[PDB]
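With compact mmCIF, C-alpha atoms inside, this is run.txt:
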```txt
# COMPACT_ATOMS: atom_id res chain seq x y z
CA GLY A 1 -37.04 10.06 -73.46
CA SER A 2 -34.37 12.71 -72.94
CA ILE A 3 -34.20 14.57 -69.62
CA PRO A 4 -31.16 14.78 -67.31
CA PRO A 5 -31.39 14.86 -63.49
CA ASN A 6 -31.45 18.01 -61.36
CA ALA A 7 -29.18 16.84 -58.54
CA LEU A 8 -26.23 16.06 -60.81
CA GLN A 9 -26.61 19.48 -62.42
CA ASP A 10 -26.23 21.12 -59.01
CA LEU A 11 -22.83 19.54 -58.40
CA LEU A 12 -21.40 20.29 -61.84
CA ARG A 13 -23.14 23.67 -61.78
CA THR A 14 -20.61 24.59 -59.09
CA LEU A 15 -17.51 24.09 -61.24
CA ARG A 16 -19.49 25.61 -64.10
CA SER A 17 -20.44 28.78 -62.23
CA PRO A 18 -18.35 31.73 -63.49
CA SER A 19 -16.29 32.49 -60.38
CA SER A 20 -12.71 33.45 -59.56
CA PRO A 21 -9.91 30.84 -59.60
CA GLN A 22 -10.08 30.68 -55.80
CA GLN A 23 -13.56 29.16 -55.64
CA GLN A 24 -12.04 26.40 -57.78
CA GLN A 25 -10.96 24.80 -54.50
CA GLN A 26 -14.62 23.88 -54.02
CA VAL A 27 -14.82 22.26 -57.46
CA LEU A 28 -12.33 19.55 -56.48
CA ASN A 29 -14.53 18.50 -53.56
CA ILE A 30 -17.56 18.74 -55.85
CA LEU A 31 -16.04 16.40 -58.43
CA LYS A 32 -16.16 13.52 -55.96
CA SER A 33 -19.71 14.54 -55.03
CA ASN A 34 -20.59 13.96 -58.68
CA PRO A 35 -21.09 10.35 -59.85
CA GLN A 36 -21.78 10.27 -63.58
CA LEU A 37 -19.93 13.59 -63.67
CA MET A 38 -16.86 12.04 -62.05
CA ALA A 39 -16.29 9.55 -64.88
CA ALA A 40 -16.89 12.13 -67.61
CA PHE A 41 -15.08 14.96 -65.83
CA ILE A 42 -12.12 12.66 -65.16
CA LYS A 43 -11.59 12.80 -68.93
CA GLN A 44 -10.51 16.44 -68.71
CA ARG A 45 -9.44 16.69 -65.07
CA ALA A 46 -7.65 13.35 -64.77
CA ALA A 47 -6.19 14.24 -68.16
CA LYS A 48 -3.79 16.38 -66.13
CA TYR A 49 -1.55 13.31 -66.21
CA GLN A 50 -2.41 12.04 -69.69
CA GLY B 1 -26.07 6.89 -68.66
CA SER B 2 -27.73 3.77 -70.07
CA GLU B 3 -29.45 4.67 -73.34
CA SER B 4 -29.18 8.45 -73.00
CA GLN B 5 -26.02 10.21 -74.16
CA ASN B 6 -27.79 13.42 -73.15
CA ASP B 7 -27.88 13.17 -69.36
CA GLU B 8 -26.20 15.49 -66.86
CA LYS B 9 -22.94 13.69 -67.60
CA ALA B 10 -23.23 15.00 -71.16
CA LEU B 11 -24.48 18.42 -70.08
CA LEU B 12 -21.15 19.54 -68.62
CA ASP B 13 -19.27 17.14 -70.89
CA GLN B 14 -19.24 20.02 -73.38
CA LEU B 15 -18.26 23.04 -71.29
CA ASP B 16 -15.87 20.68 -69.51
CA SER B 17 -13.62 21.29 -72.52
CA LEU B 18 -12.62 24.53 -70.79
CA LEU B 19 -10.82 22.34 -68.25
CA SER B 20 -8.12 21.92 -70.90
CA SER B 21 -7.29 25.57 -70.25
CA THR B 22 -6.08 24.81 -66.73
CA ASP B 23 -2.65 24.05 -65.26
CA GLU B 24 -1.84 20.34 -65.38
CA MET B 25 -0.06 20.54 -62.02
CA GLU B 26 -3.02 22.17 -60.27
CA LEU B 27 -5.34 19.43 -61.52
CA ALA B 28 -3.00 16.83 -60.03
CA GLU B 29 -3.35 18.40 -56.58
CA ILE B 30 -7.14 18.13 -56.74
CA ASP B 31 -7.02 14.64 -58.24
CA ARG B 32 -4.66 13.11 -55.67
CA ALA B 33 -6.41 15.17 -53.00
CA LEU B 34 -9.57 13.06 -53.23
CA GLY B 35 -7.96 10.18 -55.09
CA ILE B 36 -10.22 9.82 -58.11
CA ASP B 37 -8.09 6.79 -59.00
CA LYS B 38 -10.32 4.68 -56.76
CA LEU B 39 -13.48 6.71 -57.34
CA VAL B 40 -13.38 5.55 -60.96
CA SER B 41 -13.27 1.89 -59.95
CA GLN B 42 -16.85 1.98 -58.65
CA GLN B 43 -19.77 4.39 -58.96
CA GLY B 44 -23.38 4.02 -57.89
CA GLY B 45 -25.54 6.26 -55.73
```

Once you've parsed the file, please lay out its structure as structure tokens.
Amino acid sequence: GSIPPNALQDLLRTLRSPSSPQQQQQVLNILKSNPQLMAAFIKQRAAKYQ
Amino acid sequence: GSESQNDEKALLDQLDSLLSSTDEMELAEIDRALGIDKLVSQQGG
């Protein structure tokens, strides 16, 4: 058994999509919209103050 | 995510490394913006 969800991929897919630094503004809002991704992502993002 | 280590959380977990190549100040604006400090206290949906 090894198959990730499709919904979670959509959220992260946003911040993953190769777009200008401007679109990044959307990523922030997406982070919160991502559960399992929030915890993991926090590692790098939240690391901003680590 | 409960006996997995290969779920969506791990999918971006890799590429996420690129995040390290971003301003630390900018990340703070997005963090405090939504306040992930409390979003990490509980998660389930």

key: Atom-to-atom span, atom CA of residue B:27 and atom CA of residue A:46, Å   =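 Rounded to one decimal, the two atoms are 7.3 Å apart.
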
key: Near-residue B:26 list (10 Å; only C-alpha atoms; drop same-chain fewer than 5 positions) as a ChimeraX atom specification   = /A:45,48 /B:31

Could you save those same residues with C-alpha atoms as a compact mmCIF listing (two decimals), in the coordinates of the input?
```
# COMPACT_ATOMS: atom_id res chain seq x y z
CA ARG A 45 -9.44 16.69 -65.07
CA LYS A 48 -3.79 16.38 -66.13
CA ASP B 31 -7.02 14.64 -58.24
```

Non-local contacts of stretch 30-37 of chain A (10 Å; only C-alpha atoms; under 5 positions in same chain excluded) as a PyMOL selection string = (chain A and resi 7-15+24-25+42-43+45) or (chain B and resi 1+7-13+30-31+34-36+39-40+42-45)

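Here atom CA of residue A:18 stands at a distance of 20.1 Å from atom CA of residue A:40.
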
Box for stretch 31-37 of chain B: with edges along x, y and z, all listed atoms inside and 6 Å added on each side, what are the centre and edge lengths in Å to one decimal, as lines of an AutoDock Vina configuration file?
```
center_x = -7.4
center_y = 11.0
center_z = -56.0
size_x = 17.6
size_y = 20.4
size_z = 18.0
```

inquiry  = Just the number, please: distance in Å from atom CA of residue B:23 to atom CA of residue A:26, one decimal.
reply    = 16.4 Å

task = Have a look at B:28, B:14, B:3, B:21 and name the one nearest to chain A; count all atoms listed in the file.
result =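 Of B:28, B:14, B:3, B:21, the one nearest chain A, counting all atoms listed in the file, is B:28.
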